[PDB]
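Visitor: Structure in structure tokens, see below.
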Amino acid sequence: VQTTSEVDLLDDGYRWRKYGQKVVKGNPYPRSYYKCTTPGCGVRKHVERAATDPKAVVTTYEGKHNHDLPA
Ligand SMILES: [Zn+2]
């Protein structure tokens, strides 16, 4: 039994949180969606990988930050 282990999100600047992901049969890699859940900041980004294309990392940043870059 192992369904109570908390993992660690690989931070890369902004604090993003996972709310939901999407899968595609035509794509080998899954679609992970996150969102900058900072004090007052509510940005939502989408991490999708273009399969049909020669490895295309299409990322859509919905919203603008309002807390500057962390230290
Ligand atoms: Zn932010």
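Residue numbers start at 1 in each chain; chains themselves are named A, B, ... in the order of the structure tokens; ligands are numbered from 1 in the order shown.
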Please find the residues contacting ligand 1 at a distance of at most 6 Å between atoms, with only C-alpha atoms and all ligand atoms counted, and report them as a ChimeraX atom specification.

Guide: /A:14,36,38,41,43,65

Visitor: Could you pull out the residues in chain A that DSSP calls strand (DSSP E) from the backbone, as a list in words?

Guide: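 After running DSSP on the backbone, chain A has strand (DSSP E) at residues 20, 21, 22, 31, 32, 33, 34, 35, 36, 37, 42, 43, 44, 45, 46, 47, 48, 49, 50, 56, 57, 58, 59, 60, 61 and 62 of chain A.
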
Visitor: The selected residues should be written to file as a short mmCIF file (atom, residue, chain, number, x, y, z; two decimals), in the first residue's frame (atoms: N, CA and C atoms).

Guide:
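Produced file selection-v4.cif, reproduced below:
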```
data_model
loop_
_atom_site.label_atom_id
_atom_site.label_comp_id
_atom_site.auth_asym_id
_atom_site.auth_seq_id
_atom_site.Cartn_x
_atom_site.Cartn_y
_atom_site.Cartn_z
N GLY A 20 -5.01 19.78 -12.95
CA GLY A 20 -5.55 18.73 -13.81
C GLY A 20 -4.71 18.52 -15.05
N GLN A 21 -4.68 17.28 -15.53
CA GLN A 21 -3.91 16.94 -16.73
C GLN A 21 -4.80 16.29 -17.78
N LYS A 22 -4.31 16.23 -19.01
CA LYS A 22 -5.07 15.63 -20.11
C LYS A 22 -4.20 14.63 -20.88
N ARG A 31 -0.45 15.55 -21.19
CA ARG A 31 -0.52 17.01 -21.09
C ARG A 31 -0.70 17.44 -19.64
N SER A 32 0.32 18.10 -19.09
CA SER A 32 0.28 18.57 -17.71
C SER A 32 0.00 20.06 -17.66
N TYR A 33 -1.01 20.44 -16.89
CA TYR A 33 -1.38 21.85 -16.75
C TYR A 33 -1.11 22.34 -15.33
N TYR A 34 -0.52 23.52 -15.22
CA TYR A 34 -0.21 24.11 -13.92
C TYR A 34 -0.72 25.54 -13.84
N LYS A 35 -0.39 26.21 -12.74
CA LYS A 35 -0.83 27.59 -12.53
C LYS A 35 -0.09 28.22 -11.35
N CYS A 36 0.50 29.40 -11.59
CA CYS A 36 1.23 30.11 -10.55
C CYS A 36 0.30 30.52 -9.42
N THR A 37 0.30 29.74 -8.35
CA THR A 37 -0.55 30.02 -7.19
C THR A 37 0.21 30.80 -6.13
N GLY A 42 -2.56 34.75 -9.78
CA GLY A 42 -3.31 33.60 -10.25
C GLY A 42 -3.11 33.33 -11.72
N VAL A 43 -1.87 33.01 -12.10
CA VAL A 43 -1.55 32.73 -13.49
C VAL A 43 -1.72 31.25 -13.81
N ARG A 44 -2.15 30.95 -15.03
CA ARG A 44 -2.36 29.58 -15.46
C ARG A 44 -1.58 29.28 -16.74
N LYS A 45 -0.72 28.27 -16.69
CA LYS A 45 0.08 27.89 -17.84
C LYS A 45 -0.23 26.46 -18.27
N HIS A 46 -0.08 26.19 -19.57
CA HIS A 46 -0.34 24.86 -20.11
C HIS A 46 0.91 24.27 -20.74
N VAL A 47 1.30 23.09 -20.28
CA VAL A 47 2.48 22.41 -20.80
C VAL A 47 2.10 21.29 -21.76
N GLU A 48 2.14 21.59 -23.06
CA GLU A 48 1.80 20.60 -24.08
C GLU A 48 2.99 20.33 -24.99
N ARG A 49 3.08 19.09 -25.48
CA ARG A 49 4.18 18.70 -26.36
C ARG A 49 3.65 18.31 -27.73
N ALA A 50 4.12 19.00 -28.77
CA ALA A 50 3.69 18.72 -30.13
C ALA A 50 4.32 17.43 -30.65
N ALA A 56 7.97 19.81 -30.47
CA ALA A 56 7.62 21.22 -30.28
C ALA A 56 6.98 21.44 -28.91
N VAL A 57 7.66 22.19 -28.06
CA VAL A 57 7.16 22.49 -26.72
C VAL A 57 6.32 23.76 -26.71
N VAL A 58 5.02 23.60 -26.91
CA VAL A 58 4.10 24.74 -26.93
C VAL A 58 3.57 25.04 -25.53
N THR A 59 3.93 26.20 -25.00
CA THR A 59 3.49 26.61 -23.67
C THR A 59 2.71 27.92 -23.73
N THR A 60 1.50 27.90 -23.18
CA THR A 60 0.65 29.08 -23.17
C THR A 60 0.54 29.67 -21.76
N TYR A 61 0.99 30.91 -21.61
CA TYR A 61 0.94 31.58 -20.32
C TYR A 61 -0.28 32.49 -20.22
N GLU A 62 -1.32 32.01 -19.55
CA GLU A 62 -2.55 32.78 -19.39
C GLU A 62 -2.48 33.66 -18.14
#
```
